[PDB]
Ligand SMILES: Nc1nc2c(ncn2[C@H]2C[C@H](O)[C@@H](COP(=O)(O)OP(=O)(O)OP(=O)(O)O)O2)c(=O)[nH]1
Ligand SMILES: Nc1ncnc2c1ncn2[C@@H]1O[C@H](COP(=O)(O)OP(=O)(O)O)[C@@H](O)[C@H]1O
Ligand SMILES: Nc1ncnc2c1ncn2[C@H]1C[C@H](O)[C@@H](COP(=O)(O)OP(=O)(O)O)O1
Ligand SMILES: [Mg+2]
Ligand SMILES: [Mg+2]
């Protein structure tokens, strides 16, 4: 490569170049819990 | 063709003037394009086009190019906008001298005249040496738009911007320490200016917007308690109106108002319900919410066992007549252990009007034992008007209204007094604020000027966790932050006497954190997996310890707060004693600081401030340092946030290096990992945390979010001692 690494200075050219809630509750499952 | 310069004169159109500016703003930046900005501007030239309109167009163009592939546009658009804002206030890029500017601004009535009374021209020129106007080149675009849109002193009818960013910083430092002794005044002014202008300390909207302006109100949170009387309702409405016009957000506690149908004056009148009064509180807020720094809002609180609770939960939903909807306020449902017990057992919950149950309300907050006694007693009393509801159904309604509206909040009132810095017998917490992170004592008012009432004010600030490189830097930061906020309490004005009484007797402060997600990314930890548990404990221990130590040393210098005896700190109790013991099963990190020696110094010399820590969302203020807001994980690598102009793109800090370390909001499998962290933080936080619950419907079978999960998460939040729950975000 003869030039320094560089980012694309015209990125816009690439356009042209490549073309309701589950209500159910289980209190026993909740009872398996200590506050 | 001709353009119209800023000074009115006209010259031949020259695109090289535009290349120069853009080349300047893009210098040093990686992967930006001068050509892109010019072409994406689609700048339509006409004869006589103003050169100011030209610049605003290329700012918008460069601002919308912020992306993952090109993050550095956040600084290209910022440097362009700073350049634009410099010309808007000064007519040039170079800012004037601090003295010449303050003189002109005090003369225009845009600054407070005390600036000339407290500082001499020799002192002002000495603070102009503190200023580094090149720190304007460290902002991101989102930061600059918040400065232009909210913070920088401006005219709200002209749109005329009056000051630069570094003048805002240095004068906030000058004013807050203006009342300091000459021997250490400019010493602190410089040190605090450096702290906030280099993003070690985050300052909230009212401080950024107001500290240096004539109208002195800088407390973000106003907490008003309403009694069950027209004189209190009138006083509450008047206090809301006063403080909403003063950059403040309101928290209303209308749980005492008797239910619909209750007798008035022994049956001379029929009580039409709470909702007609809630509508009055809403129009109080909305009457003068907008027009100032931003649109104020308010959150109303009521106990879950209230009789009208089934009608208050649905106040924000659209499906109903306007007579039964108060949509434009948020609501916080107050719950204690007994209410959750009824849910876990599948039993019922009895609803009372607070007027029919003597002492039941005060016990709901102060005395958890006495409440259960009165509750079951009144449940069996047949002479008391009551209403039984299946706890499974009442909770489903609330969590369902929390889901659809997103603004139905929850405050576990028993945790806010069992693990609080206040004695529930002396000064219980019966309320929270707009964003559910403030918990301070209140007493309702009889008049607008009732001396015996108490309105709770909290002044805020944040530590930038990304800005520190070692936790011991907080010791120095906590001193600077606490001192600045405490002197602010004496410096500002109080439109309501009862509010000044609370602010002066308790001197409550609320210092939080920002950039927490970037902080976990720098440590290679995540929210959900639980890898941040022990790190979070180590981090927030240092925060609270150095905050207490800073205010404890300040109590030595100027004396503890007048009502310090009402605090649990006065009795020698620390957060390390009253925290929720379930946290010990999710964190084995030990304490690292000498808490017992701090306990002795507090027992002896007291605390200048009754509260110090509270984790607020920092929705706007955190954007100044491009930090991830509060403790919430960023929504994306490039986040979309709102402003008065339009949408803003905000890159996560240090994106190029840490895009893998970040766990984005919707990359989290659930709330259990996050909620544990909030509980661990709450072990040390004086007040509360604006904790969000998040749900991705696509992560659930049949695409519907189960009520089982909404309740299981609400319980795991209480299990780890979480005081309050803020937003519930639902994806898409
Ligand atoms: N709908 C309706 N509500 C009222 C009326 N008068 C008072 N209220 C409400 C406001 C308060 O929440 C509650 C108590 O009102 P006050 O405490 O100002 O009335 P007062 O002390 O004269 O009688 P009290 O024995 O406390 O009911 O009733 C009325 O004429 N209509
Ligand atoms: N839209 C608003 N209007 C009025 N006050 C607000 C608003 N948003 C937040 N506040 C106040 O600021 C406090 C903390 O919220 P936060 O997001 O940290 O504010 P900021 O936007 O200044 O960072 C809240 O408790 C509330 O009192
Ligand atoms: N003759 C010209 N034709 C087109 N654009 C111009 C111009 N002169 C200046 N500009 C651009 C450069 C800046 O980005 C923008 C306004 O910047 P400025 O330096 O504050 O304005 P001015 O030079 O008109 O006082 O307008
Ligand atoms: Mg020029
Ligand atoms: Mg009365």
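Chain B uses Swiss-Prot numbers throughout; the residues present, in order, are 5-736.
We read in the header that X-ray crystallography, 3.4 Å was used to get this structure.
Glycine residues also receive a Cβ, built from the backbone N, Cα and C atoms like all the rest.
Some features that Swiss-Prot has for this protein:
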type	residues	note
DOMAIN	B:5-95	domain 'ATP-cone'
BINDING	B:209, B:437, B:441, B:623, B:624, B:625	GDP binding site
DISULFID	B:225-B:462	disulfide bond
BINDING	B:232, B:233, B:234, B:262, B:269	dTTP binding site
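Locations of recorded Swiss-Prot features on the structure.
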residue	record	contacts (Cβ under 8 Å, 6+ apart)
B:225	disulfide bond	B:252, B:253, B:255, B:437, B:438, B:442, B:460, B:461, B:462, B:464, B:514
B:232	dTTP binding site	B:260, B:261, B:262, B:358, B:359
B:233	dTTP binding site	B:450
B:234	dTTP binding site	none
B:269	dTTP binding site	none
B:441	GDP binding site	B:514, B:516, B:618, B:619, B:620, B:621, B:691, B:692, B:693, B:694, B:728, B:730
B:623	GDP binding site	B:633, B:645
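In the vicinity of ligand 1, defined as a Cβ distance under 6 Å, none of the recorded positions B:209, B:225, B:437, B:623, B:624 are placed. Under the three-state DSSP scheme, residue B:225 (disulfide bond) falls in the strand class. Ligand 5 lies under 6 Å from the Cβ of B:233, out of the recorded positions B:233, B:262, B:437, B:441, B:462, B:625. Counted over all residue pairs in B:209, B:437, B:441, B:623, B:624, B:625, the record's binders of GDP, the longest Cα to Cα distance measures 18 angstrom.
Here the binding-site residues are B:624, B:625; the one with the fewest Cβ atoms within 10 Å of its Cβ is B:624.
Residue counts of the domain 'ATP-cone' (B:5-95) by helix, strand and coil are 51 helix, 8 strand, 32 coil (DSSP-based).
With a CB cut-off of under 6 A applied against ligand 2, the recorded positions B:225, B:269, B:462, B:623 are reduced to B:225, B:623. Within 8 Å of the centroid of the Cβ atoms of B:232, B:233, B:234, B:262, B:269, where the record puts dTTP, the same chain has further Cβ atoms from B:231, B:261, B:268, B:275.
Using a 10 Å Cβ-Cβ cutoff, residue B:262 (dTTP binding site) registers 20 neighbours. Within 10 Å of its Cβ, the residue among the binding-site residues B:209, B:437 with the fewest other Cβ atoms is B:209. DSSP classifies residue B:262 (dTTP binding site) as coil under the three-state reduction.
DSSP assigns residue B:462 (disulfide bond) to a strand in the three-state reduction. In the shown protein chains, 26 other C-beta atoms lie within 10 A of the C-beta of residue B:462 (disulfide bond).
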